[PDB]
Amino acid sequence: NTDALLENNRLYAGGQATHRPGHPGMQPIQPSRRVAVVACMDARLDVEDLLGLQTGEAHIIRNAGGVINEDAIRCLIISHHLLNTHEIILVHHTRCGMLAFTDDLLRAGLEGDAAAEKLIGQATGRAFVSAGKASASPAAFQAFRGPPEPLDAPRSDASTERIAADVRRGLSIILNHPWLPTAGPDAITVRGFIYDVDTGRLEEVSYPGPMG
């Protein structure tokens, strides 16, 4: 399925759309392409559009970063074991917000550290206001490994490898989770990509490789 989606993405990058934006009528719950995609929530990604998926073809799982965390695994388990998908595509992307902050800064700002509160405003260009209380949850914001770059910075080699390392960790999480079959007759297959938000083109991430 997926090389065909990469060709749809080549068209998309070149200025030709493939997704049909109208309502498809009544459909069954099982994704017809037997695919699940995990992508960032970033507004610049329309996952169906950039892959040329049609409505009804794939599960679309999206969170901050497109990270493979506990919820992503919950989703993938349901997708495969209950709803019959057997392929997974990861779509991280360039200029991702998860490159631009650290867990501890945001935590401290929310808790009420005045320095962290000020620093987050400086990093974001908005008037961040502390909650002034601590929380146990969420336990982790899952910012990408590495020191932060400016928010929405243009691409670079260094940031591409930081994004790619996060993709590789997600591939390893899926390929070693006890409740996802990625070998034998019920197996799932998985590939990971980085979407360039400015060009519209996907590039594939190597696996195995370094993971953060």
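Note that residue numbering begins at 1 and tracks the sequence as displayed.
Participant: Going by the average Cα B-factor in the PDB entry, point out whether 185-193 or 13-21 comes out higher.
Facilitator: Going by the record's values, the stretch with the higher mean is 185-193.
Participant: So which stretch wins on mean C-alpha B-factor, 201-209 or 1-9?
Facilitator: Higher of the two, by average CA B-factor, is 1-9.
Participant: So if I compare the CA B-factors in the entry for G170, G56, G65, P154, which one is the largest?
Facilitator: Highest C-alpha B-factor among the listed options: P154.
Participant: Tell me which of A158, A39, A43, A36 tops the list for C-alpha B factor in the record.
Facilitator: So the option with the highest C-alpha B-factor is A158.
Participant: C-alpha B factor of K118, ranked within the chain: lowest, middle or highest third?
Facilitator: For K118, the deposited C-alpha B-factor lands in the middle third.
Participant: For the chain shown, is the CA B-factor of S79 in the lowest, middle or highest third of its modelled residues?
Facilitator: As the PDB entry reports it, the C-alpha B-factor of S79 lands in the lowest third of its chain.
Participant: Ranking the modelled residues of this chain by C-alpha B-factor as given in the entry, is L90 in the lowest, middle or highest third?
Facilitator: For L90, whose C-alpha B-factor we compare with every modelled residue in the chain, the answer is the lowest third.
Participant: Among all modelled residues of this chain, ranked by Cα B factor, put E149 in the bottom, middle or top third, i.e. lowest, middle or highest.
Facilitator: Top third by C-alpha B-factor.
Participant: State the tercile, meaning the lowest, middle or highest third, of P178 with respect to the CA B-factors recorded for its chain.
Facilitator: As the PDB entry reports it, the C-alpha B-factor of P178 lands in the highest third of its chain.
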